[PDB]
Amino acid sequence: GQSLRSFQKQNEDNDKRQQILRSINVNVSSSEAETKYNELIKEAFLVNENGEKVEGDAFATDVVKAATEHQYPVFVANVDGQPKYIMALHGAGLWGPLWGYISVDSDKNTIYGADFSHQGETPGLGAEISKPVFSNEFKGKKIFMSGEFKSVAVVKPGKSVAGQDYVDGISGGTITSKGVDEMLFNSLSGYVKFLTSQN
């Protein structure tokens, strides 16, 4: 029959599929994730720091492993005939690693959706990054300001930054919130040449 490790892997893969799907505003259960993913995600490739496609299975490759080797996975969804570009995030929180996915519209700038995950952040505090009240704020924000890469800031609740898009962080979760801000900037930096590639 199916091996134990195959079943464990399928569960892990479906969890990853769910995360990627949530970044394009699709919320399905584990048992629905493979079909739903295949209905939407039509290209999946690694890019290097120069925005060039490089060999490797984008879905199978560990994001931290890819980033240390200066490789970055791009998943391209076909939503109503138009591409959404989904990028992988990795970083650090208060008590352990953070990761996530963020998608942009066909302009390679405007955020379409986002999903954030963590290993051991605290319920009600840093763990709140995994909730829609946090991630929904990224929708419509831009990574580039008139051509200049800035990423999206995470500010103390109720505050603002002039000249850069921003969202509120988590009350009582400032180190985790900062970790998300840094994760976005550092992770998206790898994708900049792909995002700015232009005919």
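Position 1 is the first residue in the sequence shown; the rest follow in order.
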#### Entry: Between 78 to 86 and 123 to 131 (mean CA B-factor, as deposited), the higher
78 to 86
### Summary
As the entry reports it, the stretch among 154 to 162 and 136 to 144 with higher mean C-alpha B factor is 154 to 162
### Query
Against its chain's modelled residues, does residue 176's Cα B factor rank lowest, middle or highest third?
lowest
### Task
Can you work out whether the C-alpha temperature factor of residue 11 puts it in the lowest, middle or highest third of the chain?
middle
### Message
Quick check for you: using the entry's CA B-factors within this chain, is residue 100 in the lowest, middle or highest third?
### Response
lowest
### Query
Going by the entry, which third of its chain does the Cα temperature factor of residue 167 land in?
middle
### Task
Sorting the chain's modelled residues by C-alpha B-factor, tell me whether residue 94 ends up in the lowest, middle or highest third.
middle
